[PDB]
Amino acid sequence: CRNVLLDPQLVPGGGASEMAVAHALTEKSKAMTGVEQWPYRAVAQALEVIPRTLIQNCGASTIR
Amino acid sequence: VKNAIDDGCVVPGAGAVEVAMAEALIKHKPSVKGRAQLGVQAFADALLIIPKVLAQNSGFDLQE
């Protein structure tokens, strides 16, 4: 409740909040096109684990 | 392909017929003993190895 109170913005759980930021980060990394792109490319890809994990968890094929 | 042009008959491919017999082998049709009932039960599954191995070699599941 307090997290709703402290933050009164409800954000969609899982991959919705996940894959969203990734492309930004990539585009970010791509718009930055430095070395730090690779961390963002790492970070944006670091996000994808949990939906993958959820697909890992659910029993379906994740990379699909 | 000559076996197609020599023969007026061609059997349909892509493993669609293997799932087709496995149930068409519907059992206690070998009510005889249960050894033939295994002989069919073992055999119904051997039919599907090609439909398996493809969906296997393809994405998703060879089974699902």
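Each remark here, short or long, concerns the structure printed above.
Structural notes, computed from the coordinates.

A few words now on the nonpolar core. All names here are of chain B. Of all hydrophobic cores here, the largest spans 5 residues; its members are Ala22, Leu25, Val40, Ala44 and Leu47. Among the elements that take part in this core, helix α3 (residues 35-47) stands out by supplying 3 residues, more than any other. Here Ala44 is in contact with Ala22, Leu25 and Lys27, once residues within four sequence places are set aside.

Turning to the packing of α3 of chain B against helix α4 (residues 49-57) of chain B, a few remarks are in order. Contact geometry of α3 of chain B with α4 of chain B gives a least axis separation of 5 Å together with a crossing angle of 35°. Across the interface between the two elements, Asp45, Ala46 and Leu47 of chain B from α3 of chain B touch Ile49, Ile50, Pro51 and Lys52 of chain B from α4 of chain B.

Our focus in this paragraph is α3 of chain B. Residue and element names in this part refer to chain B. Counted at 1.5 Å a residue, the expected span for α3 with its 13 residues is 18 Å, and the 18 Å between its end C-alpha atoms agrees. Inspection of α3 places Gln37, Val40, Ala44 and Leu47 among the buried residues, and these make up the whole buried set. Down the axis of α3, the buried side of the element spans an arc of 85°, and every buried residue falls inside it. Away from its buried face by more than 90 degrees, α3 exposes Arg35, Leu38 and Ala42.

Moving on, we get to the packing of helix α3 (residues 37-47) of chain A against helix α4 (residues 49-58) of chain A. All names here are of chain A. Contact geometry for α3 and α4: axes closest at 5 Å, N-to-C directions at 30°. Put simply, α3 runs roughly parallel to α4. Note on element contacts: α4 touches α3 through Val49, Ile50 and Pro51, opposite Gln45, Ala46 and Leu47. In terms of residue class, the contact of α3 with α4 is built from 5 nonpolar, 1 polar and no charged.

Each aromatic ring pair is specified by the distance between its two centres and by the angle formed by the two planes. One pass over the full model with this rule turns up 0 aromatic pairs over all chains. Positioned above the aromatic ring of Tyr40 of chain A is the side chain of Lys28 of chain A, whose terminal nitrogen or guanidinium carbon lies 4.4 Å from the ring centre. Taking the ring centre of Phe60 of chain B as reference, the NZ or CZ of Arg64 of chain A above it sits at 5.2 Å.

Rules and cut-offs
Residues numbered from 1 in each chain as written, not as in the entry; some residues may be left out. Chains lettered and ligands numbered in written order. Part of a larger assembly, values for the part shown. Heavy atoms only, no water. Core = buried A, V, L, I, M, F, W, Y, C linked by side-chain atoms within 4.5 Å. Buried < 20%, exposed > 50% of the residue type's maximum accessible area, 1.4 Å probe, protein only. Helix = DSSP H or I, 4+ residues; strand = E, 2+ residues; numbered from the N terminus. Contact = heavy atoms within 4.5 Å. Axes fitted to C-alpha atoms, helices over the stretch in contact; angles between N-to-C directions. Expected span 1.5 Å × (residues − 1). Arc of directions from axis to C-beta. Parallel < 35°, antiparallel > 145°, perpendicular 65-115°, else oblique. Nonpolar A, V, L, I, M, F, W, Y, C, P; charged D, E, K, R; others polar. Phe/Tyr/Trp six-rings, centres within 6.5 Å; stacked < 30°, edge-to-face > 60°. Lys NZ or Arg CZ within 6 Å of the ring centre and 35° of its normal.

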